[PDB]
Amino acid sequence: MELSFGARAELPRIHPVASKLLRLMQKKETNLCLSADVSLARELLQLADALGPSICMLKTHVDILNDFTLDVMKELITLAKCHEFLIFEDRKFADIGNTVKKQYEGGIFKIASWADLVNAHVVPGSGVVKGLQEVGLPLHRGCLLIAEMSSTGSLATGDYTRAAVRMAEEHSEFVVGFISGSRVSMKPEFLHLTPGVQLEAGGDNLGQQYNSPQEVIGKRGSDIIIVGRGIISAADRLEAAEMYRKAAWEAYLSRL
C-alpha cells in the first residue's frame, strides 16, 4: 500500500535531505512549496516569515531579485531554520558538467552555499549531474531532475522522461527526486514536486497550465505542490497559503 511521508523518511536507501524534508512534512502537515517569485529581497523575507509555518519548502529564483545579496540568503536561512522548511533554488542547470559546477559554486549567487536543493535539466546528458555532484556532495546537498514540465508544448515526455528517471536512479547519492507533473518513478525514496498548480484549472498567457492539488497529488501521485501566483497574487497571502496547504494535504491523506 501507499507509504506515508513519515515511513518514507525511514527507508534504508533514503537520502538525508529527502529524509529531513519528509519528516518536517509529516510533522507540519504541509506538502506545499511556495514559489517566491518576487523582485525585492524584502518581499522574499516577508513571505518566508509569514508563510514559513504553512510550507515544507520555499522555491527561489534569485536571478529575478533586483537587490540580491548573500546577506539576504543568510537571513532566509535563519527563517528556514526557525520555521522548518527547505530552500530550493530553481536554477534549472542545463549545460555541460564543467560549466554547471562553476554556476553552482561561484559567481555572485554562490548557490551551493545556501540552497538545500537545486534542479537540473537532463537534456545535456548525465555530465550535468556529475558536475553539480562534485560541488554538492561535499556540502550535503540534494538535486532534483526535471522529468516533466507543466507548460504547453513541453518536450519532457516519453523517452525524455524515462531518461530523467534513469539518470536520477544512477545518481541517488545526490539526486533526491523530480520536478514532474505526476509520479514518474516507483521508488518511494524519490520525491515528486509539481508546479503548474492552482485551486481551479486554468493557465496563463505564456503557456503555463494549471491543475488542482487533488488532480496532481491525488490522481497523479505527486508529493508536493509548487504554487506561485495562486498565493503571491492573492489579496490575502496567508489565507491562500492555508487553502493550498489544506487542499494538498487532504489529497495526500486520500491516497493513504
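Rigid core (definition): largest C-alpha set, two forms, superposition within 1.5 Å. Position 1 is the first residue in the sequence shown; the rest follow in order.
For the pair 175-183 and 92-100, greater average C-alpha departure from the shown form in 5 other deposited structures of this protein after core alignment is found in 92-100.
Superposition on the core shows that, in 5 other deposited structures of this protein, the C-alpha atoms drift more in one of 29-37 and 199-207; this is 199-207. Look at the C-alpha B-factors of 37-45 and of 213-221. On average they run higher in 213-221. Here 164-172 and 146-154 are compared by their mean Cα B-factor, and 164-172 comes out higher. Ranking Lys110, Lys102, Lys92, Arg183 by Cα temperature factor from the entry places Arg183 first. Ranked by C-alpha B-factor against the other modelled residues of its chain, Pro124 falls in the lowest third.
Sort the chain's modelled residues by C-alpha temperature factor and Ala201 lands in the highest third, per the entry. Ranked by Cα temperature factor within the chain, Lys28 sits in the highest third according to the deposited record.
Among the modelled residues of its chain, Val135 has a C-alpha B-factor that falls in the middle third, as given in the PDB entry. For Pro188, the recorded CA temperature factor ranks within the highest third of the chain's modelled residues.
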